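What follows is a short report on a single structure.
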There are 2 protein chains.
Amino acid sequence: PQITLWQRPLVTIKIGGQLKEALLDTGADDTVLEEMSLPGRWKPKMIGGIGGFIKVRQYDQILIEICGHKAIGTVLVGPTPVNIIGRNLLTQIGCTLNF
Amino acid sequence: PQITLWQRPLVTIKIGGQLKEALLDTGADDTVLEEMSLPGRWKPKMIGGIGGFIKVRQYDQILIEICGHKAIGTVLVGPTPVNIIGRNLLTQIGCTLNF
Ligand SMILES: Cc1cccc(C)c1OCC(=O)N[C@@H](Cc1ccccc1)[C@@H](O)C[C@H](Cc1ccccc1)NC(=O)[C@H](C(C)C)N1CCCNC1=O
């Protein structure tokens, strides 16, 4: 679908048998989600945003269902203020910026 | 122009008689540019990010020619790693998220 930006591009995703709301972020290289229970092994990692860095856990091969569309990629779990759909996932669902 | 997301969507902007490159961030309510000099006056303001809060100077009525498109709005300047064109401006140039 088409999304104007007069409001935050929030959409509903399905992950780990759970439902959430993630922001479609072209400004994000990766995908980071609020602390949640996820099965499988992970790997420590650090990402640097505007306010600084945060200690997140790196999950590979995690299936996410963005607004219906199913995709699988690397999901980061940490102390983020909002759920973020980064370009690693956005390019799988074919999201494009236009104007 | 249609922009895919395989790489960070960098756009060439022109502000204060200066040329720069800014990221089209759909996950940014406002626009924050790196440290630079500007004519108008400002007002201390802080914004929440991923790793914490930074203090920026606010400016209203700032002309910005985003990739051949002239728009005007509130710009913020501070300790931001990259230049960011948020939604307060993206809408002015009819930028749409699509998939
Ligand atoms: C939310 C907001 C309100 C008012 C004004 C502004 C500028 C606002 O946005 C601030 C902000 O942190 N926005 C983020 C999403 C956001 C909204 C609300 C709360 C917290 C975050 C996101 O869009 C952009 C920001 C840009 C960036 C900054 C420094 C270095 C590199 C990239 N991107 C990142 O942090 C990403 C993360 C998410 C994987 N990131 C970090 C590792 C390297 N690459 C990368 O892409």
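Identifiers for the structure tokens are assigned positionally: chains receive A, B, ... in sequence, residues are indexed from 1 per chain, and ligands are indexed from 1 in the order shown.
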Contacts with ligand 1 at most 7 Å, only C-alpha atoms and all ligand atoms counted, listed as a PyMOL selection string = (chain A and resi 25+27-32+47-51+80-82+84+86) or (chain B and resi 25-32+47-50+80-82+84+86)
Could you give me the residues within segment 38-81 of chain A that DSSP places in strand (DSSP E or B), as a VMD selection string?
-> chain A and resid 43 to 48 53 to 66 69 to 78
Let me see the file: selected residues, N, CA and C atoms, as a compact mmCIF listing (two decimals), in the first residue's frame.
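After the write, again-v2.txt holds the following:
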# COMPACT_ATOMS: atom_id res chain seq x y z
N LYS A 43 23.51 -13.37 19.88
CA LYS A 43 24.88 -12.85 19.96
C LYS A 43 24.88 -11.38 20.37
N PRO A 44 25.69 -11.03 21.38
CA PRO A 44 25.76 -9.64 21.85
C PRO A 44 26.26 -8.72 20.74
N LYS A 45 25.75 -7.49 20.74
CA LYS A 45 26.13 -6.50 19.74
C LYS A 45 25.76 -5.11 20.24
N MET A 46 26.36 -4.09 19.64
CA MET A 46 26.09 -2.71 20.03
C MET A 46 25.79 -1.83 18.82
N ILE A 47 24.72 -1.05 18.90
CA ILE A 47 24.37 -0.15 17.81
C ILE A 47 24.41 1.29 18.32
N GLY A 48 24.85 2.21 17.47
CA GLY A 48 24.94 3.60 17.88
C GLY A 48 23.94 4.52 17.22
N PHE A 53 24.90 4.60 22.29
CA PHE A 53 24.84 3.18 21.95
C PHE A 53 23.91 2.42 22.90
N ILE A 54 23.59 1.19 22.54
CA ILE A 54 22.75 0.33 23.37
C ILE A 54 23.22 -1.10 23.18
N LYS A 55 23.08 -1.92 24.22
CA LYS A 55 23.50 -3.31 24.13
C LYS A 55 22.33 -4.18 23.73
N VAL A 56 22.35 -4.66 22.49
CA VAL A 56 21.27 -5.50 22.00
C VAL A 56 21.74 -6.92 21.72
N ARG A 57 20.78 -7.80 21.46
CA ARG A 57 21.08 -9.19 21.15
C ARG A 57 20.76 -9.45 19.69
N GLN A 58 21.72 -10.04 18.98
CA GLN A 58 21.56 -10.33 17.57
C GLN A 58 20.94 -11.68 17.25
N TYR A 59 19.77 -11.65 16.62
CA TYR A 59 19.07 -12.86 16.22
C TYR A 59 19.05 -12.97 14.69
N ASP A 60 19.53 -14.09 14.18
CA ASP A 60 19.56 -14.34 12.75
C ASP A 60 18.47 -15.36 12.45
N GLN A 61 18.05 -15.43 11.19
CA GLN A 61 17.01 -16.37 10.78
C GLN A 61 15.71 -16.28 11.58
N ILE A 62 15.26 -15.06 11.86
CA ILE A 62 14.01 -14.85 12.59
C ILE A 62 12.92 -14.39 11.63
N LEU A 63 11.82 -15.13 11.60
CA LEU A 63 10.71 -14.81 10.71
C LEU A 63 9.78 -13.73 11.25
N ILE A 64 9.61 -12.67 10.47
CA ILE A 64 8.73 -11.57 10.84
C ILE A 64 7.66 -11.41 9.76
N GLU A 65 6.43 -11.17 10.18
CA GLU A 65 5.34 -11.00 9.23
C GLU A 65 4.87 -9.56 9.30
N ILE A 66 5.41 -8.74 8.41
CA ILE A 66 5.08 -7.32 8.34
C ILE A 66 3.83 -7.09 7.51
N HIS A 69 2.79 -9.64 4.88
CA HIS A 69 3.94 -10.17 4.16
C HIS A 69 4.92 -10.88 5.09
N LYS A 70 5.32 -12.09 4.72
CA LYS A 70 6.26 -12.86 5.51
C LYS A 70 7.69 -12.65 5.03
N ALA A 71 8.61 -12.45 5.97
CA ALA A 71 10.02 -12.23 5.65
C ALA A 71 10.88 -12.77 6.79
N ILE A 72 12.15 -13.05 6.50
CA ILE A 72 13.07 -13.56 7.52
C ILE A 72 14.40 -12.84 7.45
N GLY A 73 14.90 -12.42 8.61
CA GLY A 73 16.16 -11.71 8.65
C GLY A 73 16.76 -11.61 10.03
N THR A 74 17.69 -10.67 10.19
CA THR A 74 18.34 -10.47 11.48
C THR A 74 17.60 -9.43 12.30
N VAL A 75 17.09 -9.87 13.45
CA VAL A 75 16.35 -9.00 14.35
C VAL A 75 17.15 -8.70 15.61
N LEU A 76 17.22 -7.42 15.97
CA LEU A 76 17.95 -6.99 17.16
C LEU A 76 17.00 -6.70 18.31
N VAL A 77 17.31 -7.25 19.47
CA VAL A 77 16.47 -7.04 20.64
C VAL A 77 17.21 -6.23 21.70
N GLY A 78 16.59 -5.15 22.15
CA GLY A 78 17.23 -4.32 23.15
C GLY A 78 16.35 -3.24 23.76
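If you measure from each of B:68, B:94, B:16, B:40 to chain A using only C-alpha atoms, the closest one turns out to be B:94.
Remark: for residue 8 of chain A, the closest of the candidate residues A:83, A:20, A:96, A:90 is A:83 (distances computed over only C-alpha atoms).
For the pair atom CA of residue 85 of chain B and atom CA of residue 21 of chain A, the interatomic distance is 22.9 Å.
Distance annotation: of B:24, B:38, B:67, B:19, the residue with the minimal separation from chain A is B:24; atom set is only C-alpha atoms.
Residues in contact range of residue 91 of chain A, defined as at most 7 Å between only C-alpha atoms, with sequence neighbours fewer than 3 positions away removed, read residues 87, 88, 94 and 95 of chain A; 5 and 6 of chain B.
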Which residue, B:15, B:22, B:42, B:98, has the smallest gap to chain A when you use only C-alpha atoms?
-> B:98
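Rounded to one decimal, atom CA of residue 12 of chain A and atom CA of residue 41 of chain A lie 25.1 Å from each other.
With only C-alpha atoms as the atoms that count, the minimum distance from chain A to the choices B:37, B:92, B:7, B:2 is reached by B:2.
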